[PDB]
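What follows is one chain in structure tokens, specifically the form deposited in one PDB entry.
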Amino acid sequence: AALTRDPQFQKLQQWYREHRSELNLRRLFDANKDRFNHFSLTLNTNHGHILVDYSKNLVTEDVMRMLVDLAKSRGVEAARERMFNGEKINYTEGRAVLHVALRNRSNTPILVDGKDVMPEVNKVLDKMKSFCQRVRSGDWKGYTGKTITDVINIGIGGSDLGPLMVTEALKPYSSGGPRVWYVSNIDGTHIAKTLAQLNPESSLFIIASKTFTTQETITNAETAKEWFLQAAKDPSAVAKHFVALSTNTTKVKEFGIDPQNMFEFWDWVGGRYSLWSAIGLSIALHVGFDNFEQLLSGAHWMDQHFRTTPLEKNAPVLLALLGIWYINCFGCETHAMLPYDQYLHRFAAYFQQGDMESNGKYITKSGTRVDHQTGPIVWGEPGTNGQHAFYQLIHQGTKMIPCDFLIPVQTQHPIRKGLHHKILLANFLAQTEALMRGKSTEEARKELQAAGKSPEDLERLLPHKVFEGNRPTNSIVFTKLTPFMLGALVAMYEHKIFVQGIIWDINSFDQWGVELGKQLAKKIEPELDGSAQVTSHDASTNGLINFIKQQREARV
């Protein structure tokens, strides 16, 4: 694999072998009262600041220099230029990778095969803006002349989680918007309990499918159409209540949606990078097209930061490189994303998909097997809740877990004269300080003595209350979670994932495990019909099917 053969990588590994034991955060901060200034970026977007404080990481100036030299050696900048210039860097599928075109507010030409994509991007954005104005205003009416009160996105994966996470994050911007619902799971619970709360006369369905063939989405869409037509009877009424976000007009027409109700996107829009496209229509309906443009504008700002900033001060590049340090030298399997913001409750889940589906790969560009770690397991829940739960393992377990802590300075709900937000901020700050510092035997002993503990009881309990610390964090602090700032933060992590992929020499933009998934069930689905026991698979698959057939009509 290219990475293990890279001389900057070998130099990094050799340094780690010799100097690893010098990396003690308490000692590094005590020796350098300017450590924060040396290891932090502040970005002024003109619509809020982003502080990326990476000073609580197990790095020194020499480590950061070697990491930046690795990014140069691995051709990060040349790879970046290929992406932005519309070259087919999705080399397995032979596609461009142009989510950056979707939010290209400058309208600088971006050529695929010598043809500018921006006229087509802007045509779909115009169509979305006109449709959002009509639905939100009440101009667009249901089949009995009522205004739309409820918008239901039907889609899965990349056609589901981005719009869900963004509408959750920007809920305060939704006044005067229809309610938004996300139906994704084939589990009939999902559509059933959603439809039970809706009126067909005032419900608009958005069938979100790049291919328009995904079994979960097409099955959910047929169930919603059956429910709708049971009320409306007239197949003509479907053109007022179903629209499609797709690449395929033929499949859309075959399903029964007027192709005029199709909002188009392109092969070079990956599902997990698609919320910036027509896939974002549920966002624009919920918070208005103006706020959707602000979301694209923030992503565009961070695209420019990524493109023009020297590597050593480049936010997504440095987040990527800290990740490489922890994955490929320390051997950490996981990365925790811990936003101190209830509106961002689906933010970690969104990057669980964006990161793991991108860089969960083992075959390099030359078709050779990697001989090193690739993408980590991404997980997390919002603070402060995690502090009462899994933070126990982060503080006192046997695993090293790099954590990203994120928080807005200004809250959308400054209740009780900002008392809640002050407590939230203090916890955000105090947790990363404790993870870094820990607590020595002597500090814990002196606190137990002050608490009034007996001499044995104290020496019993003492070692259990000792924290080794040295647990590294990034703190990412931003003025306020506005549509623009959310756009910038999402795009920052997209480019972090892109940089890690280039360094690992994998294709961040295909998903052959997900493409396989979509063909796995077809062999077993017909075998589940009838009482007859199944013998066509391995013993376990067969046993599980036969148990399902047995329990199918058990009464409990």
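Under this definition, the rigid core comprises the largest set of C-alpha atoms superposing within 1.5 Å between the forms. In case it trips you up, residue 1 is the first one in the sequence shown, and so on.
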property	result
Residue range whose averaged C-alpha B-factor is higher in the record, 118-126 or 478-486	118-126
Per the entry, higher mean C-alpha B factor between 136-144 and 343-351	136-144
Criterion, highest CA B-factor; candidates, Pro316, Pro455, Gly188, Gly162	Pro455
Largest Cα B-factor, entry values, listed residues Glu168, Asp113, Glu216, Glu81	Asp113
CA B-factor ranking of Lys33, expressed as a third of its chain	highest
B-factor third for the C-alpha atom of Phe330 within its chain	highest
Ranked against its chain, the third holding the CA B-factor of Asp267	middle
Among modelled residues of the same chain, the CA temperature factor third for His49	lowest
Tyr91 by Cα B-factor - lowest, middle or highest third of the modelled chain	highest
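One more form of this protein, deposited in another entry, exists but is not displayed; see below.
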item	value
Mobile residue between this form and the one not shown, C-alpha criterion 2 Å or more, rigid core, from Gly397, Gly75, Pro172, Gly256	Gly256
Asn44 C-alpha moves between this form and the one not shown by 2 Å or more, core aligned	no
Core superposition between this form and the one not shown, C-alpha change of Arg26 at least 2 Å	no
Cα displacement of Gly517 between this form and the one not shown reaching 2 Å, rigid core superposed	yes
Shift in CA distance, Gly517 and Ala539, in that other deposited form relative to the form shown here, given it is 3 Å or more	closer
